[PDB]
Amino acid sequence: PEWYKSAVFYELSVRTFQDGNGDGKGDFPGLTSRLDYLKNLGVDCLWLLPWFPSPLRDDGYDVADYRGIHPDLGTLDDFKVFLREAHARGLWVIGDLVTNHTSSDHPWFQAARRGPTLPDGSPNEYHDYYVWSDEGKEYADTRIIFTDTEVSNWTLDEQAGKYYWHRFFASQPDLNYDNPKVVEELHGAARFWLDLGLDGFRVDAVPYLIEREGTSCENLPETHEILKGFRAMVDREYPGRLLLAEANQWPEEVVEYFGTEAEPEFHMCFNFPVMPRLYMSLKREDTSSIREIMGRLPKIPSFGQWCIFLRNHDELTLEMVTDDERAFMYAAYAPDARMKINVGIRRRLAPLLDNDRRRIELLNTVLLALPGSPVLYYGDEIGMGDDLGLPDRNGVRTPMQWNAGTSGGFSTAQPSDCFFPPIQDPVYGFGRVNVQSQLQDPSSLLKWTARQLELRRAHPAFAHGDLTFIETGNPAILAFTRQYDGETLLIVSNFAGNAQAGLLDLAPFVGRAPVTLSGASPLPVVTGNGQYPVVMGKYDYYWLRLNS
Amino acid sequence: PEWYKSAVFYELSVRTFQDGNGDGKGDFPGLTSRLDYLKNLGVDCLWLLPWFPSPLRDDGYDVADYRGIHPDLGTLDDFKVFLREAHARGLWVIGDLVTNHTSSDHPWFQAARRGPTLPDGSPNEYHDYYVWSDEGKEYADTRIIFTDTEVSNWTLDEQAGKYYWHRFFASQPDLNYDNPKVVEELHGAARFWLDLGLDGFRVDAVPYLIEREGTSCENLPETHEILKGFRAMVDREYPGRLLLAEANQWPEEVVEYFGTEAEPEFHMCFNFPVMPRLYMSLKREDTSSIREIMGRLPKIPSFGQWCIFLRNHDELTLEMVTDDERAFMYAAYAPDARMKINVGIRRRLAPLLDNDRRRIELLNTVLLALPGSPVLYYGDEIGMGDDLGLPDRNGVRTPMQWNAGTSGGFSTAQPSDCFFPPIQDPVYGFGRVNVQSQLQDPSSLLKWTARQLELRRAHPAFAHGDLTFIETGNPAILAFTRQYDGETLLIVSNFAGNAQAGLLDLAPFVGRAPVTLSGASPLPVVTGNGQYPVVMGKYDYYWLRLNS
Amino acid sequence: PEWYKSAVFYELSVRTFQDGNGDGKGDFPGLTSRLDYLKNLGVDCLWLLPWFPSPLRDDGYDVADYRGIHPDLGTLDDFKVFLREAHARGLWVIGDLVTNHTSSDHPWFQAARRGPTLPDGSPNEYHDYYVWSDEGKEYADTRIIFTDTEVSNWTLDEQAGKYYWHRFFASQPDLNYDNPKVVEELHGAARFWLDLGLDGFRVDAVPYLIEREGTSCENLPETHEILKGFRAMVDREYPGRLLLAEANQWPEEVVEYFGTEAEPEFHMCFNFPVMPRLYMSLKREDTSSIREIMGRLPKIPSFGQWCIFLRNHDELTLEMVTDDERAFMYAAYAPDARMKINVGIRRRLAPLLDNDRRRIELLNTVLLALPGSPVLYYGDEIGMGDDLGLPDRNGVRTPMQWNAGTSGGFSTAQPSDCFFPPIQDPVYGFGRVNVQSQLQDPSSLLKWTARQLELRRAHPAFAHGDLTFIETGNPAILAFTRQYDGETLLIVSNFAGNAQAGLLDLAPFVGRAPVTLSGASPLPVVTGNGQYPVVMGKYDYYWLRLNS
Ligand SMILES: OCC1=C[C@H](N[C@H]2C[C@H](CO)[C@@H](O)[C@H](O)[C@H]2O)[C@H](O)[C@@H](O)[C@@H]1O
Ligand SMILES: OCC1=C[C@H](N[C@H]2C[C@H](CO)[C@@H](O)[C@H](O)[C@H]2O)[C@H](O)[C@@H](O)[C@@H]1O
Ligand SMILES: OCC1=C[C@H](N[C@H]2C[C@H](CO)[C@@H](O)[C@H](O)[C@H]2O)[C@H](O)[C@@H](O)[C@@H]1O
Ligand SMILES: [Ca+2]
Ligand SMILES: [Ca+2]
Ligand SMILES: [Ca+2]
Ligand SMILES: [Mg+2]
Ligand SMILES: [Mg+2]
Ligand SMILES: [Mg+2]
């Protein structure tokens with residue numbers, strides 16, 4: 001099959017990974033010098049956060065030039081060496097294609113805000129690149145996203161004398177997508193990078209492209225047709241390149257972003273629905289929500305693969321959970337006011353699980369065992385924490401912690417001169433949490449993530465098998481099978497903080513002996529009614545092979 | 001004497017040595033271009049791993065066709081050139097005869113599985129080719145060999161509706177040697193390759209041919225009979241060709257596989273008894289087990305030679321050691337569960353000795369100075385590592401490392417496209433460990449190996465002399481003599497990491513000076529009671545001649 | 001006692017150790033980022049090569065500003081940060097003080113060469129800073145040091161129309177120490193850096209300060225007097241700092257550079273006389289030169305410590321050995337013409353010993369076991385090679401090799417943009433020889449060197465003891481004792497490539513039991529008349545204590 005289903009993804013921010021030149025800002029030269037690290041870890045595809053020239057009011061998601069490299073990050077030549085050194089190691093690389101919007105600093109917008117007509121009486125073709133209103137009464141009662149910052153989705157441009165549309169910050173004007181020229185401007189941005197050998201795109205904020213009155217302005221089939229033709233552009237001109245969608249919607253809406261077999265859209269979507277039910281289930285010690293929402297996912301096209309994740313550069317989103325579930329998650333996972341932002345929790349993985357490695361390893365094994373491809377978030381494989389003294393979501397985007405030398409080894413410059421300060425607290429700082437330390441530590445989390453990704457690699461049912469949940473008799477225990485190519489895997493996990501027991505409904509498998517994927521130690525044969533007793537300790541994960 | 005008595009052997013796998021044409025698979029044209037390297041190393045006989053057509057579920061030890069060349073390796077023409085060119089260089093070649101079993105894919109088994117009688121009533125002559133049972137309760141309490149994969153030595157064939165026998169994988173059904181038609185299918189399979197000029201065979205899994213109730217199904221007198229008739233055949237139709245047995249059994253059962261003068265069996269068997277004791281002694285700094293298992297070896301026929309070896313394409317086998325011996329070896333040499341498989345340790349020689357050249361050289365000098373003919377495992381002469389992310393025993397069968405270019409010089413294809421990934425880790429990777437490196441390096445393991453073989457060749461007592469152990473007064477120091485044709489070699493070797501003192505019982509040799517084989521530097525003459533005091537540095541090996 | 005008697009020194013070159021900003025040149029930010037490496041290695045004092053502003057016609061030993069930081073290396077703030085971080089880790093630092101001469105680009109010399117009298121008829125105070133002759137016929141019959149470049153020690157200045165003196169390159173005019181203003185300018189250079197906290201100075205080319213007619217212009221009493229004044233100044237104004245002298249003279253004249261108890265000079269001098277004899281003896285397999293030269297060295301003052309070294313940033317100097325010894329050394333260690341330069345051999349340690357780790361380990365242990373404090377040349381602890389296609393002695397100054405990524409870890413710039421190109425040959429290139437590789441290799445030369453130093457730390461008789469050579473009966477075996485604080489170390493070393501036997505004269509120690517410093521393994525007790533038989537392997541080092 002396609003390369004993205006066997007892939008392990010790793011999300012990083014070039015400005016934050018390795019500063020190669022002492023100026024305090026990560027760049028492609030330094031990132032290139034770390035490529036062996038990512039290779040040796042068991043990563044396959046690097047997803048890089050936006051690398052474009054930008055005033056960095058949304059850390060690079062306000063693009064001011066789709067066709068350059070931000071000067072903090074080096075040059076386009078540094079980009080081409082990096083992509084060269086990447087593929088030379090067997091790694092794929094995808095970028096972040098910020099389609100929905102541009103920075104107010106983009107040349108397109110500085111021209112649109114002159115007016116609908118120029119001072120020489122000509123039409124201004126750049127004015128209909130964005131969505132304008134005279135009073136700003138359209139689409140009202142539609143959801144604000146950055147609720148802690150923006151009081152509305154319409155803001156008044158003082159020089160253009162009209163309101164303009166923006167689903168995100170005021171300085172990120174929504175692009176107007178009924179205009180087929182804008183459709184062509186981003187087809188030709190996708191082309192500029194796919195020409196240089198880039199292996200695909202993560203596509204940012206796909207649900208909110210088209211806006212239609214009297215609807216929610218999400219998942220409009222008009223938006224889906226823009227994606228349907230983006231896929232056809234790629235299918236024809238750049239076969240084998242990966243399109244991956246950020247679609248945080250409820251399960252039935254999310255699969256629409258794959259398309260159908262006849263009309264394809266995205267190869268991969270992020271599994272935003274299962275992500276919060278992992279954390280809920282851990283605090284409730286009850287895995288029902290994991291099975292419920294996973295059963296609300298319709299089957300995907302042949303070419304589709306889910307992208308599974310635990311965290312990313314954004315807050316932990318609570319936009320697609322019920323009001324009760326959102327209230328529970330604030331109570332369980334956000335004790336301090338400061339950890340809240342925009343209907344979500346802005347904390348790293350390791351802090352959220354109270355730095356419990358037992359819980360960390362648990363959710364990692366479930367990330368690795370659910371159907372799809374996993375994406376690790378840079379630094380989670382060593383246990384990085386966060387700095388909520390930093391505004392917006394930049395509390396999870398601190399520099400990668402390489403050693404206990406200057407600035408954690410991220411730069412030769414001092415921590416106060418780095419773009420974001422490297423974390424230095426007693427628990428998560430780079431004196432305690434860094435790569436070099438965990439390569440010498442025989443038992444480190446880094447070693448453990450590498451070993452576990454090896455354990456996955458060697459069992460292709462993880463990447464391509466089916467899922468069948470299996471009754472356990474205990475809500476704390478979640479059991480499922482993965483079948484593919486006649487290998488059958490049994491993946492039992494305890495979500496509770498003490499010893500739990502269960503009766504697994506292994507009736508399809510009477511006469512088979514489960515044995516461990518690690519060490520090939522055999523468990524007792526399934527017999528009789530197929531009801532198989534287990535005890536598990538707190539947060540244990542049993543990874544098992546059903547030998548027939 | 002016989003040619004295999006003076007020979008240095010070298011075990012390689014065609015699929016994995018050298019890829020000629022760029023498709024990622026080693027082949028006979030590639031192997032042919034490397035015969036000069038092998039010649040110059042000091043090697044006399046190549047033993048190749050199974051080259052026959054095969055679905056490769058045991059890396060070609062599941063044979064689908066005894067009279068062909070697997071398409072990966074080229075053609076039978078390519079085979080014929082290879083054997084001409086090897087013979088042109090004074091090299092012998094022996095193949096691998098997989099007698100005990102064939103692949104489920106072999107057209108024999110596809111026929112035998114259609115039942116005891118044909119759809120037209122007539123009896124199916126191929127059915128009695130394999131061993132069957134209606135309930136599969138026979139031969140129980142017989143050892144499983146691949147304990148990590150197979151729950152039983154019987155497996156149900158869904159179409160023939162009965163159980164068949166297999167000492168190894170379920171896709172490797174045993175051949176029925178009670179049926180004398182099977183004995184003749186292998187004689188004629190042997191005849192095929194001997195007719196083409198091949199100089200011999202290593203025979204695979206010879207203890208497990210015949211199975212009988214109430215016995216362990218190992219070293220059965222019936223099995224030996226079949227072997228006796230195999231040597232009687234070869235002795236008659238193909239004098240001078242070589243039969244070498246893989247018989248891992250305890251000292252008293254292994255010597256049986258030579259036969260007697262009156263009734264001969266193999267010319268050579270692998271000296272498995274001493275092999276694990278070499279490693280134990282290094283870890284205990286106690287050379288006792290070596291002398292004890294060597295002492296339990298009864299004298300072998302005139303024509304017979306032991307095949308001495310440190311490692312191979314299989315795990316380090318812990319099947320013929322005591323329970324405490326086995327448990328000690330796991331502790332000392334398998335820190336990870338990953339390192340274990342099937343009552344043994346799946347690791348290359350250099351990793352087993354922590355890449356300590358001083359230890360690597362020591363076991364090699366003992367390999368070269370024990371009585372028999374040494375075999376080198378391919379790549380251990382430049383110190384290759386292993387890859388334990390690869391399943392089964394594949395982790396010691398990664399591609400040979402010729403230089404630091406694309407895929408270590410094994411192929412123009414990417415490492416990802418090689419049949420096994422060429423090792424690229426910072427310690428053993430082909431950037432650090434390769435043949436071009438070590439032909440330039442004046443002191444490399446490669447040149448050391450070539451010189452030690454050169455030194456051995458100069459002293460025929462190494463290949464044909466007797467073995468008298470000598471008292472040292474220090475379990476850490478192993479001392480013995482070799483006596484042949486008037487030469488007396490004295491082989492003192494320290495198995496301890498620190499300096500060690502010893503008093504050697506050279507009472508028989510009072511009046512004679514010991515002198516070094518290398519450099520002709522004499523030690524003090526032996527005098528008086530001939531208790532000869534010696535000091536040794538860590539892992540030191542003294543190769544010495546006793547003057548006359 | 002004093003800190004430099006217990007210190008392990010480490011010689012590095014900032015421009016060549018670690019580049020912290022991508023410009024291909026090592027700098028102090030970079031060197032700061034590598035301080036934990038040196039700390040963990042067991043290094044105590046960093047001797048940094050000249051770091052001053054200079055046109056680098058002799059790699060910075062032609063100084064053009066004694067009170068600044070060469071812009072390649074960063075700023076004086078960077079230097080202050082480095083000194084703070086070095087001291088924060090218990091590391092001392094010393095600089096290289098180029099006393100005998102400045103660059104012709106030095107402000108003083110641009111001034112001096114204007115003439116004795118300026119355009120306005122008034123005299124030029126800087127003319128008498130340097131050594132001038134009207135026809136250049138003085139001090140005739142005086143050695144030329146840089147014989148492959150310079151034809152005379154007098155050169156005609158174009159503008160001054162006179163001859164100036166230079167024991168070195170013509171772009172390094174000798175300072176004139178009969179002028180007392182000169183003497184004050186270098187007390188003043190000393191004070192500047194000694195005021196920033198620098199712990200001392202390696203003093204360059206100290207024998208050749210004062211020149212006098214009718215002498216060799218070496219080791220003259222007037223030169224020693226200026227050095228006594230330099231010691232007096234530091235003794236009073238900066239107690240506790242280190243003056244270390246580079247004086248390669250014959251054993252008699254070397255010891256003068258310590259001064260007397262009453263009129264002290266240098267705290268330490270390099271033990272140049274012994275350095276070639278270590279190499280002579282390894283090739284002859286006869287250690288009498290080691291003993292003869294060590295015994296021509298008179299006792300040193302109470303404050304004196306020797307500095308022992310195998311190699312450095314220069315050539316292996318053959319200036320102070322006989323004509324026959326020098327011809328031998330050329331035959332043994334300079335097969336190619338390209339390997340000689342000015343009475344000496346310009347190769348790194350590992351190439352000199354054919355990359356034989358047995359011989360590298362032997363001479364390193366003698367380095368650690370002779371009387372003195374040891375200085376390690378950077379990269380020798382990982383086995384770095386040389387690049388003899390670079391001019392002068394730069395072949396041994398190639399960038400440190402850290403990992404196997406871009407430029408070996410030395411810089412993110414490409415190798416072709418690095419000040420000197422990092423080695424990439426198949427034997428010594430950073431793809432085979434680098435720090436990260438050798439941290440993962442359980443048996444690397446780096447770990448060996450670390451552990452051998454730790455062994456040395458544990459036994460103060462190495463730093464502080466006396467030395468008595470011990471008869472052996474075999475010139476290939478060098479045996480001596482180190483006695484201090486009633487601890488008695490016996491050190492035995494074989495300089496030949498085969499086994500060697502000998503009879504240690506241990507009469508002073510009858511009744512004592514020798515044990516290995518590593519492992520505490522006992523040799524037999526000395527009995528009888530203390531004539532102790534020993535056998536050694538090739539290049540063995542027995543490191544023994546005599547248990548009382
Ligand atoms: O509901 C999904 C989300 C989308 C949005 N994430 C993407 C779109 C935004 C475009 O400017 C950007 O801030 C964010 O980093 C992107 O990954 C939003 O910011 C998140 O808070 C939120 O969890
Ligand atoms: O008891 C000795 C052994 C025999 C077996 N080795 C041979 C039998 C198998 C036949 O299919 C084959 O996999 C293996 O490579 C052969 O050399 C076994 O696999 C080993 O693990 C083991 O050391
Ligand atoms: O006689 C000993 C030596 C001193 C000299 N070494 C120092 C003096 C030179 C001063 O310019 C300089 O080139 C060298 O690096 C210094 O360490 C000479 O250049 C060497 O070749 C030689 O080994
Ligand atoms: Ca939009
Ligand atoms: Ca059988
Ligand atoms: Ca002078
Ligand atoms: Mg930068
Ligand atoms: Mg091929
Ligand atoms: Mg620099």
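Rules behind the numbers
Residues numbered from 1 in each chain as written, not as in the entry; some residues may be left out. Chains lettered and ligands numbered in written order. Part of a larger assembly, values for the part shown. Heavy atoms only, no water. Donors = N, O, S within 2.8 Å, 3.2 Å for Na, K, Ca; no water. Buried < 20%, exposed > 50% of the residue type's maximum accessible area, 1.4 Å probe, protein only. Helix = DSSP H or I, 4+ residues; strand = E, 2+ residues; numbered from the N terminus. Contact = heavy atoms within 4.5 Å. Pairing = 2+ DSSP bridges. Right-handed = clockwise from strand over helix to strand, strands pointing away. Domains from an automatic or database assignment. Buried area = accessible area lost by both parts, 1.4 Å probe. Salt bridge = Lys/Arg side-chain N within 4 Å of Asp/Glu carboxyl O. Polar contact = N/O pair within 3.5 Å; in protein donor to acceptor, adjacent residues only side chain to side chain.

What follows deals with the coordination of the calcium ion (ligand 5). Residues and elements named next belong to chain B. Protein-derived ligands of the calcium ion (ligand 5) are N100 (OD1), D174 (OD), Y208 (O), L209 (O) and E211 (OE), with the metal-ligand distances lying across 2.1 to 2.9 Å. Taken in sequence order, the residues that donate to the calcium ion (ligand 5) follow the motif N-x73-D-x33-Y-L-x1-E. What makes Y208 buried here is its relative accessible area of 6%. Overall, the relative accessible area of 2% leaves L209 in the buried class.

Right, let's talk about the environment of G372 of chain A for a bit. Residue and element names in this part refer to chain A. Here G372 is to be found in the loop between α13 (357–369) and β13 (373–377). Distance from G372 to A463, taken between C-alpha atoms, is 6.0 Å for residues 91 residues apart in sequence. Among all residues touching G372, those that are not within four sequence positions of it are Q305, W306, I308, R456, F462 and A463.

Take the pairing of strand β7 (residues 200–204) of chain C next. All names here are of chain C. Within β7, five of the five residues are buried, leaving the element largely enclosed by the surrounding structure. Of the two faces of β7, both are covered, the one formed by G200, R202 and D204 as well as the one formed by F201 and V203. Relative to β7, strand β3 (residues 92–98) runs parallel, the two sharing four bridges. Bridge pairing in β7 links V98 to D204. With respect to chirality, the unit in which β7 leads through helix α7 (residues 221–237) into the neighbouring parallel strand β8 (residues 242–245) is right-handed.

Residues and elements named next belong to chain A. Annotation of chain A at the domain level lists domain 1 (1–100 + 177–464), domain 2 (101–176) and domain 3 (465–548). One C-alpha centre belongs to domain 1, the other to domain 2; they are set 28 Å apart. Across the boundary between the two partners, domain 1 contributes 39 residues, which contact 32 residues of domain 2. Note on domain 1 versus domain 2: buried area summed over both sides is about 2,700 Å², and carbon and sulfur give 47% of it. A per-residue breakdown of the area domain 1 buries against domain 2 is headed by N100, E211 and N342, which together make up 22% of the total. The tally of links between domain 1 and domain 2 comes to three salt bridges. Note that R57 and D105 form a salt bridge whose closest N and O atoms lie 3.3 Å from each other. For the pair domain 1 and domain 2, the interface holds 21 residue pairs in polar contact.

Glancing now at the sheet that holds strand β5 (residues 154–156) of chain C. All names here are of chain C. Strand order in the open sheet formed by three strands is β4-β6-β5, and the pairing between neighbours is antiparallel. For this open sheet the edge positions go to β4 (132–133) and β5, each flanked by a neighbour on one side alone. The sheet contact formed by β5 and strand β6 (residues 163–165) spans three bridges and is antiparallel. Its bridge partner being in β6, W154 is matched across the sheet by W165.

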